[PDB]
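Below is upload27.txt, holding compact mmCIF, C-alpha atoms and all ligand atoms.
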# COMPACT_ATOMS: atom_id res chain seq x y z
CA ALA A 1 14.05 4.82 -2.40
CA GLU A 2 11.55 6.94 -0.51
CA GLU A 3 8.00 5.64 -0.33
CA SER A 4 5.72 3.00 1.13
CA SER A 5 2.16 1.72 1.02
CA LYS A 6 0.16 -1.36 1.96
CA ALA A 7 -3.09 -2.60 3.45
CA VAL A 8 -5.80 -2.42 0.81
CA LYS A 9 -8.06 -0.78 3.36
CA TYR A 10 -10.58 -0.01 0.64
CA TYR A 11 -11.16 -2.00 -2.52
CA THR A 12 -13.72 -2.15 -5.31
CA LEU A 13 -16.01 -5.02 -6.25
CA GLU A 14 -13.85 -5.29 -9.34
CA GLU A 15 -10.59 -5.33 -7.42
CA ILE A 16 -12.00 -8.20 -5.41
CA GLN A 17 -13.45 -9.75 -8.54
CA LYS A 18 -9.97 -9.85 -10.02
CA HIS A 19 -8.81 -11.73 -6.95
CA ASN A 20 -10.57 -15.07 -7.23
CA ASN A 21 -7.58 -17.35 -7.62
CA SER A 22 -6.15 -19.73 -5.05
CA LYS A 23 -3.28 -17.26 -5.04
CA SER A 24 -5.46 -14.17 -4.98
CA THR A 25 -8.52 -15.34 -3.09
CA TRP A 26 -10.16 -12.05 -2.18
CA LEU A 27 -13.75 -11.75 -1.05
CA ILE A 28 -16.07 -9.38 0.78
CA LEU A 29 -17.80 -10.33 4.01
CA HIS A 30 -20.58 -8.21 5.48
CA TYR A 31 -19.01 -5.16 3.88
CA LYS A 32 -15.28 -5.61 4.36
CA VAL A 33 -12.65 -7.30 2.24
CA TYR A 34 -10.92 -10.41 3.54
CA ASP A 35 -7.97 -12.36 2.19
CA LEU A 36 -9.30 -15.85 1.58
CA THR A 37 -5.79 -16.77 0.50
CA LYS A 38 -4.97 -16.50 4.18
CA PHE A 39 -8.02 -18.53 5.11
CA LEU A 40 -7.71 -20.99 2.25
CA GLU A 41 -6.10 -23.84 4.14
CA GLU A 42 -8.55 -23.49 7.01
CA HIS A 43 -12.25 -24.07 6.52
CA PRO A 44 -14.01 -27.45 6.53
CA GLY A 45 -15.55 -27.16 3.08
CA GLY A 46 -12.00 -26.71 1.84
CA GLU A 47 -10.04 -24.00 0.06
CA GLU A 48 -12.36 -23.72 -2.92
CA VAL A 49 -15.32 -23.06 -0.65
CA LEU A 50 -13.52 -19.75 -0.22
CA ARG A 51 -12.22 -19.51 -3.77
CA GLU A 52 -15.65 -20.26 -5.18
CA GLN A 53 -16.71 -17.18 -3.25
CA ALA A 54 -13.60 -15.12 -3.87
CA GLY A 55 -14.22 -12.47 -6.51
CA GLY A 56 -16.86 -10.36 -4.81
CA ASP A 57 -19.15 -10.09 -1.80
CA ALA A 58 -19.43 -13.64 -0.50
CA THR A 59 -21.54 -12.45 2.41
CA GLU A 60 -24.65 -12.72 0.28
CA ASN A 61 -23.82 -16.40 0.46
CA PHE A 62 -21.82 -16.66 3.67
CA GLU A 63 -24.98 -15.30 5.23
CA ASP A 64 -27.07 -18.25 4.09
CA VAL A 65 -24.52 -20.85 5.13
CA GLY A 66 -25.07 -19.23 8.51
CA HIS A 67 -21.49 -19.18 9.75
CA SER A 68 -20.53 -18.98 13.41
CA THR A 69 -19.62 -15.86 15.35
CA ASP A 70 -16.21 -17.50 15.46
CA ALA A 71 -15.89 -17.89 11.71
CA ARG A 72 -16.88 -14.25 11.36
CA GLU A 73 -14.46 -13.15 14.05
CA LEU A 74 -11.76 -15.33 12.54
CA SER A 75 -12.25 -13.59 9.22
CA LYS A 76 -11.23 -10.47 11.10
CA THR A 77 -7.79 -12.04 10.91
CA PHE A 78 -7.84 -12.00 7.12
CA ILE A 79 -9.57 -8.66 6.77
CA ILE A 80 -7.26 -6.69 4.51
CA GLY A 81 -9.66 -3.88 3.68
CA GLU A 82 -13.28 -3.10 2.90
CA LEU A 83 -15.61 -2.38 0.00
CA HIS A 84 -15.17 1.21 -1.11
CA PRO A 85 -18.01 3.56 -2.08
CA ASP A 86 -17.77 1.98 -5.51
CA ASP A 87 -20.05 -0.81 -4.34
CA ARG A 88 -20.52 -0.27 -0.62
CA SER A 89 -24.27 0.24 -0.37
CA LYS A 90 -24.33 -2.35 -3.14
CA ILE A 91 -23.14 -5.06 -0.79
CA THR A 92 -22.46 -3.42 2.56
CA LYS A 93 -24.93 -4.49 5.22
CA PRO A 94 -26.07 -8.11 4.87
CA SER A 95 -29.69 -9.00 4.23
CA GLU A 96 -31.83 -11.68 2.63
CA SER A 97 -35.54 -12.43 2.44
CA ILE A 98 -36.71 -15.53 0.62
CA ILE A 99 -39.87 -17.58 0.97
CA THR A 100 -39.18 -21.20 1.82
CA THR A 101 -41.93 -23.57 0.76
CA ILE A 102 -40.72 -26.73 -0.94
CA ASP A 103 -41.43 -30.44 -0.62
CA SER A 104 -39.00 -33.00 -1.98
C1 LIG B 1 -15.21 -14.62 4.41
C2 LIG B 1 -16.17 -15.58 4.64
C3 LIG B 1 -16.05 -16.89 5.14
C4 LIG B 1 -15.40 -17.37 6.26
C5 LIG B 1 -14.46 -16.60 7.19
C6 LIG B 1 -15.88 -18.72 6.47
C7 LIG B 1 -15.54 -19.51 7.57
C8 LIG B 1 -16.04 -20.77 7.84
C9 LIG B 1 -15.82 -21.48 9.07
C10 LIG B 1 -14.94 -21.04 10.24
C11 LIG B 1 -16.58 -22.62 8.96
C12 LIG B 1 -16.76 -23.68 10.03
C13 LIG B 1 -18.12 -23.56 10.71
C14 LIG B 1 -18.58 -22.12 10.84
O1 LIG B 1 -19.20 -21.60 9.89
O2 LIG B 1 -18.29 -21.49 11.87
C15 LIG B 1 -17.23 -22.62 7.64
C16 LIG B 1 -17.98 -23.65 7.10
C17 LIG B 1 -18.65 -23.64 5.87
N1 LIG B 1 -18.69 -22.56 5.02
FE1 LIG B 1 -17.71 -20.83 5.25
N2 LIG B 1 -16.77 -19.11 5.46
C18 LIG B 1 -16.86 -17.99 4.64
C19 LIG B 1 -17.64 -17.91 3.48
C20 LIG B 1 -18.39 -18.92 2.97
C21 LIG B 1 -19.18 -18.79 1.73
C22 LIG B 1 -19.29 -17.50 0.88
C23 LIG B 1 -19.76 -20.02 1.55
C24 LIG B 1 -20.63 -20.42 0.52
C25 LIG B 1 -20.40 -20.07 -0.80
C26 LIG B 1 -19.31 -20.88 2.66
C27 LIG B 1 -19.71 -22.20 2.83
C28 LIG B 1 -19.44 -22.99 3.92
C29 LIG B 1 -19.85 -24.36 4.08
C30 LIG B 1 -20.75 -25.17 3.15
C31 LIG B 1 -19.33 -24.77 5.24
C32 LIG B 1 -19.33 -26.19 5.77
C33 LIG B 1 -20.53 -26.41 6.65
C34 LIG B 1 -20.17 -27.07 7.96
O3 LIG B 1 -19.02 -26.87 8.41
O4 LIG B 1 -21.03 -27.78 8.54
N3 LIG B 1 -18.50 -20.18 3.54
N4 LIG B 1 -16.94 -21.46 6.97
Could you take the file, read its structure, and then write that structure out as structure tokens?
Amino acid sequence: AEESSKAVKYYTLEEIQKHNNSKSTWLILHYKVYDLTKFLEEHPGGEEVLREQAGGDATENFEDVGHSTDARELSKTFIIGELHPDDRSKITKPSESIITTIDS
């Protein structure tokens, strides 16, 4: 009648957590929110690879897998929003420090 709205722009860890279905594959990369549902098809690992990560900040993982500057840039095509102040500094800014010392 007289209104409009779209583009998540800013979502909460929960909002993204709710979206973890092949239909609502939402995840957070680096600190933004991307629509995996739009990047489902694509990806070598498959659609799940994204779904299995959809439902929160996948960066924490996507960082280990060590994606390519292309994969990251490509995600910019799915970017629908970003993590709000509800869990920004909670995920925002990637980082990981683990000691690797195995043998098997
Ligand atoms: C929003 C984030 C993601 C995007 C846009 C993305 C994109 C891609 C792309 C383009 C590739 C092909 C090679 C490359 O990395 O450039 C790839 C491969 C892969 N990704 Fe992701 N990925 C994302 C998140 C993840 C997460 C969270 C995991 C782990 C849970 C994951 C696991 C893998 C694996 C195992 C491969 C296959 C390895 C290979 O191609 O040799 N990805 N991803």
For this session: Would you list the contacts of segment 88-98 of chain A as a PyMOL selection string, taking every protein, DNA or RNA residue within 10 Å and counting all atoms listed in the file, but skipping same-chain residues closer than 6 positions in sequence?
Result: chain A and resi 11-13+28-32+56-64+82
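For the residues A:53, A:43, A:84, A:99, ranking by smallest atom-to-atom distance to residue 9 of chain A using all atoms listed in the file places A:84 first.
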Problem set entry | Spatial neighbours of residue 21 of chain A, max dist 12 Å, only C-alpha atoms, sep filter under 6 positions, as a list in words | residues 27, 35, 36, 37, 40, 47, 48, 49, 50, 51, 52, 53, 54, 55 and 56 of chain A
Suppose we keep C-alpha atoms; can you now write the selection as a PDB file, in the coordinates of the input?
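To be explicit, this is the file written out as again-v3.pdb:
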ATOM      1  CA  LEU A  27     -13.750 -11.750  -1.050  1.00  0.00           C
ATOM      2  CA  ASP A  35      -7.970 -12.360   2.190  1.00  0.00           C
ATOM      3  CA  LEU A  36      -9.300 -15.850   1.580  1.00  0.00           C
ATOM      4  CA  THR A  37      -5.790 -16.770   0.500  1.00  0.00           C
ATOM      5  CA  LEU A  40      -7.710 -20.990   2.250  1.00  0.00           C
ATOM      6  CA  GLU A  47     -10.040 -24.000   0.060  1.00  0.00           C
ATOM      7  CA  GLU A  48     -12.360 -23.720  -2.920  1.00  0.00           C
ATOM      8  CA  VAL A  49     -15.320 -23.060  -0.650  1.00  0.00           C
ATOM      9  CA  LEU A  50     -13.520 -19.750  -0.220  1.00  0.00           C
ATOM     10  CA  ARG A  51     -12.220 -19.510  -3.770  1.00  0.00           C
ATOM     11  CA  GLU A  52     -15.650 -20.260  -5.180  1.00  0.00           C
ATOM     12  CA  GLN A  53     -16.710 -17.180  -3.250  1.00  0.00           C
ATOM     13  CA  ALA A  54     -13.600 -15.120  -3.870  1.00  0.00           C
ATOM     14  CA  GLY A  55     -14.220 -12.470  -6.510  1.00  0.00           C
ATOM     15  CA  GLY A  56     -16.860 -10.360  -4.810  1.00  0.00           C
TER      16      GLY A  56
END
For this session: Find the residue from A:22, A:4, A:101, A:17 that sits nearest to residue 46 of chain A; use only C-alpha atoms when measuring.
Result: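 So, comparing all the options, the nearest one is A:22.
One distance worth recording is that between atom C33 of ligand LIG 1 (chain B) and atom CA of residue 45 of chain A, which is 6.2 Å.
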Problem set entry | Closest of A:69, A:104, A:5, A:20 to ligand LIG 1 (chain B) - atom-to-atom distances counting only C-alpha atoms and all ligand atoms |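 Among the listed residues, A:69 lies closest to ligand LIG 1 (chain B).
Atom pair atom CA of residue 65 of chain A / atom CA of residue 23 of chain A has a distance of 23.8 Å (rounded to one decimal).
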With all atoms of ligand LIG 1 (chain B) from the file as input, state the centre and edge lengths in Å to one decimal of the axis-aligned box that has 3 Å extra on each side, as AutoDock Vina command-line options.
--center_x -17.7 --center_y -21.2 --center_z 5.5 --size_x 12.6 --size_y 19.2 --size_z 18.7
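Distances to residue 75 of chain A were evaluated for A:87, A:1, A:34, A:6 using all atoms listed in the file, and the minimum falls at A:34.
Closest to ligand LIG 1 (chain B) among A:77, A:103, A:72, A:38 is A:72, based on only C-alpha atoms and all ligand atoms.
Reported to one decimal place, the separation of atom CA of residue 83 of chain A from atom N4 of ligand LIG 1 (chain B) is 20.4 Å.
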Exercise. Looking at A:2, A:16, A:76, A:10, which one is nearest to ligand LIG 1 (chain B), with distances taken over all atoms listed in the file?
Worked result: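 Closest residue, counting all atoms listed in the file: A:76.
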Could you rebuild segment 7-29 of chain A with N, CA, C and O atoms and give it back as an mmCIF file, in the frame of the given file?
data_model
loop_
_atom_site.group_PDB
_atom_site.id
_atom_site.type_symbol
_atom_site.label_atom_id
_atom_site.label_comp_id
_atom_site.auth_asym_id
_atom_site.auth_seq_id
_atom_site.Cartn_x
_atom_site.Cartn_y
_atom_site.Cartn_z
ATOM 1 N N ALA A 7 -1.789 -2.492 2.804
ATOM 2 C CA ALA A 7 -3.090 -2.600 3.450
ATOM 3 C C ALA A 7 -4.155 -1.997 2.533
ATOM 4 O O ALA A 7 -4.402 -0.793 2.574
ATOM 5 N N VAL A 8 -4.761 -2.859 1.730
ATOM 6 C CA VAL A 8 -5.800 -2.420 0.810
ATOM 7 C C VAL A 8 -6.648 -1.342 1.477
ATOM 8 O O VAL A 8 -6.762 -0.231 0.963
ATOM 9 N N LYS A 9 -7.221 -1.705 2.614
ATOM 10 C CA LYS A 9 -8.060 -0.780 3.360
ATOM 11 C C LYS A 9 -9.414 -0.650 2.663
ATOM 12 O O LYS A 9 -10.449 -0.968 3.246
ATOM 13 N N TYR A 10 -9.364 -0.182 1.423
ATOM 14 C CA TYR A 10 -10.580 -0.010 0.640
ATOM 15 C C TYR A 10 -10.378 -0.500 -0.794
ATOM 16 O O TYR A 10 -9.481 -0.036 -1.495
ATOM 17 N N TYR A 11 -11.230 -1.435 -1.186
ATOM 18 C CA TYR A 11 -11.160 -2.000 -2.520
ATOM 19 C C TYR A 11 -12.522 -1.933 -3.217
ATOM 20 O O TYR A 11 -13.539 -1.670 -2.575
ATOM 21 N N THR A 12 -12.500 -2.179 -4.518
ATOM 22 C CA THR A 12 -13.720 -2.150 -5.310
ATOM 23 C C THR A 12 -14.155 -3.576 -5.666
ATOM 24 O O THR A 12 -13.327 -4.484 -5.726
ATOM 25 N N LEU A 13 -15.451 -3.725 -5.895
ATOM 26 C CA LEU A 13 -16.010 -5.020 -6.250
ATOM 27 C C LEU A 13 -15.141 -5.661 -7.337
ATOM 28 O O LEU A 13 -14.917 -6.870 -7.326
ATOM 29 N N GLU A 14 -14.679 -4.820 -8.251
ATOM 30 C CA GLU A 14 -13.850 -5.290 -9.340
ATOM 31 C C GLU A 14 -12.509 -5.804 -8.811
ATOM 32 O O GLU A 14 -12.096 -6.919 -9.131
ATOM 33 N N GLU A 15 -11.868 -4.972 -8.003
ATOM 34 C CA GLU A 15 -10.590 -5.330 -7.420
ATOM 35 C C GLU A 15 -10.670 -6.708 -6.759
ATOM 36 O O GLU A 15 -9.746 -7.510 -6.872
ATOM 37 N N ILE A 16 -11.788 -6.937 -6.084
ATOM 38 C CA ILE A 16 -12.000 -8.200 -5.410
ATOM 39 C C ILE A 16 -12.361 -9.275 -6.437
ATOM 40 O O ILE A 16 -12.017 -10.444 -6.266
ATOM 41 N N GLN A 17 -13.045 -8.839 -7.484
ATOM 42 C CA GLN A 17 -13.450 -9.750 -8.540
ATOM 43 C C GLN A 17 -12.223 -10.300 -9.270
ATOM 44 O O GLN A 17 -12.226 -11.444 -9.720
ATOM 45 N N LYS A 18 -11.202 -9.460 -9.361
ATOM 46 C CA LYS A 18 -9.970 -9.850 -10.020
ATOM 47 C C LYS A 18 -9.252 -10.905 -9.182
ATOM 48 O O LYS A 18 -8.569 -11.775 -9.720
ATOM 49 N N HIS A 19 -9.434 -10.795 -7.875
ATOM 50 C CA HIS A 19 -8.810 -11.730 -6.950
ATOM 51 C C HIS A 19 -9.792 -12.861 -6.631
ATOM 52 O O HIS A 19 -10.585 -12.754 -5.697
ATOM 53 N N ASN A 20 -9.703 -13.920 -7.422
ATOM 54 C CA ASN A 20 -10.570 -15.070 -7.230
ATOM 55 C C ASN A 20 -9.774 -16.352 -7.487
ATOM 56 O O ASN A 20 -10.354 -17.406 -7.746
ATOM 57 N N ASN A 21 -8.459 -16.219 -7.406
ATOM 58 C CA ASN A 21 -7.580 -17.350 -7.620
ATOM 59 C C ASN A 21 -7.056 -17.855 -6.276
ATOM 60 O O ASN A 21 -7.017 -17.104 -5.303
ATOM 61 N N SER A 22 -6.667 -19.122 -6.263
ATOM 62 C CA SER A 22 -6.150 -19.730 -5.050
ATOM 63 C C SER A 22 -4.959 -18.928 -4.526
ATOM 64 O O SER A 22 -4.565 -19.078 -3.371
ATOM 65 N N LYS A 23 -4.420 -18.092 -5.400
ATOM 66 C CA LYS A 23 -3.280 -17.260 -5.040
ATOM 67 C C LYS A 23 -3.776 -15.871 -4.645
ATOM 68 O O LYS A 23 -3.166 -15.205 -3.807
ATOM 69 N N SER A 24 -4.877 -15.470 -5.262
ATOM 70 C CA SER A 24 -5.460 -14.170 -4.980
ATOM 71 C C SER A 24 -6.934 -14.324 -4.608
ATOM 72 O O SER A 24 -7.809 -13.754 -5.260
ATOM 73 N N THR A 25 -7.165 -15.100 -3.560
ATOM 74 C CA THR A 25 -8.520 -15.340 -3.090
ATOM 75 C C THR A 25 -8.996 -14.171 -2.224
ATOM 76 O O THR A 25 -8.772 -14.160 -1.014
ATOM 77 N N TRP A 26 -9.644 -13.218 -2.876
ATOM 78 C CA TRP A 26 -10.160 -12.050 -2.180
ATOM 79 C C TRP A 26 -11.683 -12.087 -2.252
ATOM 80 O O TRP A 26 -12.253 -12.403 -3.296
ATOM 81 N N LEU A 27 -12.304 -11.762 -1.128
ATOM 82 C CA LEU A 27 -13.750 -11.750 -1.050
ATOM 83 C C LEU A 27 -14.204 -10.653 -0.085
ATOM 84 O O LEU A 27 -13.383 -10.070 0.623
ATOM 85 N N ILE A 28 -15.504 -10.401 -0.088
ATOM 86 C CA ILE A 28 -16.070 -9.380 0.780
ATOM 87 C C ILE A 28 -17.097 -10.024 1.713
ATOM 88 O O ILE A 28 -18.011 -10.711 1.260
ATOM 89 N N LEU A 29 -16.908 -9.778 3.001
ATOM 90 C CA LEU A 29 -17.800 -10.330 4.010
ATOM 91 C C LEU A 29 -18.480 -9.177 4.759
ATOM 92 O O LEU A 29 -17.806 -8.286 5.274
#
